[PDB]
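Beneath this line is the structure, given in structure tokens, with notes to follow.
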Amino acid sequence: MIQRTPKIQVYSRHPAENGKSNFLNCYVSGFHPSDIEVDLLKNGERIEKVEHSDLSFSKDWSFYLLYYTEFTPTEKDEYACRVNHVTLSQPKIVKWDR
Amino acid sequence: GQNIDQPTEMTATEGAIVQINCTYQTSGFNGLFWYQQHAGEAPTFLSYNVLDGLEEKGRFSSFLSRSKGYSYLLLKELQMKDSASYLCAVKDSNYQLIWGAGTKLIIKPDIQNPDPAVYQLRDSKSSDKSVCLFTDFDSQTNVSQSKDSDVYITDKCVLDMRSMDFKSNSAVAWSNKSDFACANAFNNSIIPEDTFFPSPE
Amino acid sequence: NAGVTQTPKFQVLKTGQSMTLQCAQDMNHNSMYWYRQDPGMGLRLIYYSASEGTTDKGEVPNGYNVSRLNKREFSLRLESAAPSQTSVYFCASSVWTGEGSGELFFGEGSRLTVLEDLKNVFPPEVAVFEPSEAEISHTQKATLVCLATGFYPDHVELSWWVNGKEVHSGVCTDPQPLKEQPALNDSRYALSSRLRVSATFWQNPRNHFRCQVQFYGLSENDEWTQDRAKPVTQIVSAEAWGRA
Amino acid sequence: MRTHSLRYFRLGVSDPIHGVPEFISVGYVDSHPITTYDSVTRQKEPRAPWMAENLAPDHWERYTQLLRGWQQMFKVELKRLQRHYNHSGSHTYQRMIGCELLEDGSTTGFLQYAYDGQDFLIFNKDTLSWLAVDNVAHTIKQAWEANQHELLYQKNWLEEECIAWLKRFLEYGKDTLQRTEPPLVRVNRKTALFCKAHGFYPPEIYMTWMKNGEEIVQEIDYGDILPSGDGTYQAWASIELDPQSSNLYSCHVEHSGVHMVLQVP
Ligand SMILES: *Cc1c[nH]c(=O)[nH]c1=O
Ligand SMILES: [Ca+2]
């Protein structure tokens, strides 16, 4: 069986400027099978009110999802996305680059 | 909005060819079915068309034209057992069947030696009816219903004696009236000129 | 391998009476259907069952209900019979639904007649008429005629019996019954059938001919109040012997 | 009119984790979900507002019944495949059908299946045959190709019915599917030159770098076209700067019939 690990990309909806309201996106794609756990992190803590689209299907039979939450980026606050999958020994954390 | 149309009735001669048309106006098209239903029995699947062209299956062939929205069921070398209703049905966009009203195919047997006659059957001691049989006439003869309310005349019926490979049409008329006579029972029908009327008593 | 089995073949009902039609298929099919067939129009779906565990209405669900009891069985229920429900009911099945080319497999059919009053239900009068001697000498053949007259509704099955065995060769029965009073909507029916044999076969004095009509009428639970005999489901027959 | 497509997906899981649906079906028009169904809800529901407003409840009731039957068929097919693979545990079964209406007026049609996320059977509607990847699929290919009427049915649905459904849905959501939002394109340094675009719809976009008027695709890093969450998309493309020599780098972006050039001084 060929299991494909998720590709994790963290980015903002608009070009981010400090003190301006924005949306933090975590686009998880290319994984198989479909079971997956995604969390958005603010300074290492799981953000409560986090939305996500329904499970989506790609032509190559892989799946993809979009996790997002509304936020205001500050200079001190760091953001990340934590994803666990059957292809991952432990959760993988991807930080927002900005 | 969705409509299926096929002729109500068709009459052809044994051994000939008949073409039963079916036109449809539907919202989408997922195939056209033809079914055969003998009288008093269940419909049975005959053919399926979804692409344009002609498909053959024995003596039966089915054609389809999607652009014209029309199909026909072709029956070659007609036999008496082909007498049945033929139903055409179409699956629409939502895979729901829309059924045509059905076409009743009547087959006229080929009578080799016509011997038209009207016979008086023997009375039954348990019935007050007098019974006459018009039989052995050619298939072109039509049997008209009675214009007397107390005279009962049935339509013609094709009987087959398989032992002698013999077929014959016949109709029955009966009544309990005093003036009823086999010589006048089928007077309302157009019977052959040479119809044999055996003498009474 | 029986295919689609539905019961009953015939049923007389009074207005307001309840009725359940059975249907079973042993073809391991998933989709089952219930149709009604009426003169002058195509089959109309009443209810259908796309798969085991789900049912939905068809084109004419009002007055009916169904139950997909299991994968094999699909019953049709008439809770309060109405005269408009007088029809021939067909149950069908297919391997799947939404497949496109998959055809339907129909059951034998169930003829239903719903009546406001059972007082116009009549069993048939059956009489046999022996062949014409003129026909015998002219054609060397002999035609017996059986008349089933005055029955209502049209729930009859006529058969010929020669020497205790049913025959079909040389037999023709009217495909449609004859309305004795064509102008009346509740007219009693007449039916004729012929059995034509060789003159040699008829002239054997040991040959026995019998025309039998199975009539489907009332049952024990049907209420009867008329002076005449209760027209229950019964067999009416008449006979004739060969004449040397 | 630009190229548009309509597709329907099916997912079947043999031994799913508790709570996870055994069967899921989702339809798409381009990258927009339009319909959804799963074995938990057992209801077909719209996933686009312009689908809900243009399809009467009788449409959703009918296809709810069909999907319930298709759910059971998918379960039987997956049980057959896993038994023939002699596989234990949980395995996935996937189906994809659809069509495209291209800009020039031509059409395409496709239908294929997958087992554990890998190609299993692929339909060819011109040769009217199934391509099998292994002998388990070869067995299914034999049974499906013996039903010639079903192959013809699939050819007609892909070429006629699917295209007709697509034109119908295209009119329903024309305010969404046929609109154009141009991209906002910029260039910054991070040593590589990053060309970034955002705020555009449709998501189809072509971004590349040119060095002195010559495109060198080997040394260009392409980013994915990502959803921004508001109905628009963003993408990027980077190229490495030569510290030893100056060059004339320029970002080229094409979107919905309009070409853009951002020359870097
Ligand atoms: C709506 C519907 C139609 N066709 C499919 O293959 N899947 C679906 O969910
Ligand atoms: Ca009802």
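Just so you know, ligand 1 is whichever comes first in the structure, and atom 1 is the first atom listed for that ligand. Quick note on labels: first sequence line is chain A, next is B, and so on, each numbered from 1.
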Handout entry: Donor-acceptor contact present, side-chain C/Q6 to main-chain C/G109, <3.5 Å
Key = yes

Practice task
Quick one: list whatever passes side chain to side chain contact (heavy atoms under 4.5 Å, CB included) with D/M1, sequence neighbours left out.
Solution key: D/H4, D/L101, D/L170, D/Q178

Problem - side chain to side chain contact (heavy atoms under 4.5 Å, CB included) partners of C/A24, counting only residues at least two apart - result: C/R72, C/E73

Fill in the blank from the handout: Row for the Ca ion (ligand 2): angle O (C/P61) to O (C/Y64), 10° precision, value 80°

Handout entry: Contact check: C/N65 to the Ca ion (ligand 2), N/O/S below 3.0 Å
Key = no

Would you mind listing each N/O atom of ligand 1 next to any protein N/O under 3.5 Å, plus the distance?
unit_1   : atom_1 : unit_2 : atom_2 : d
ligand 1 : 6 (O)  : D/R10  : NH2    : 3.2
ligand 1 : 9 (O)  : D/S25  : OG     : 3.1
ligand 1 : 9 (O)  : D/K44  : NZ     : 2.4

Exercise for the section: Report yes or no: does C/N62 have an N/O/S atom closer than 3.0 Å to the Ca ion (ligand 2)? Expected result: no

Exercise for the section: Report the residues that fulfil side chain to side chain contact (heavy atoms under 4.5 Å, CB included) with D/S14, sequence neighbours left out, ordered by chain and then residue number. Expected result: D/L78, D/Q82, D/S90, D/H91

Fill in the blank from the handout: On a heavy-atom basis, the closest approach of C/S18 and C/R77 is CB-NH2, 3.7 Å

Problem - Whether over 12 other heavy atoms sit under 6.0 Å from C/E116 CD - result: no

Exercise for the section: Please work out which of the three classes, parallel, tilted or perpendicular, describes the rings of B/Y24 and B/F29, given edges at 30° and 60°. Expected result: parallel

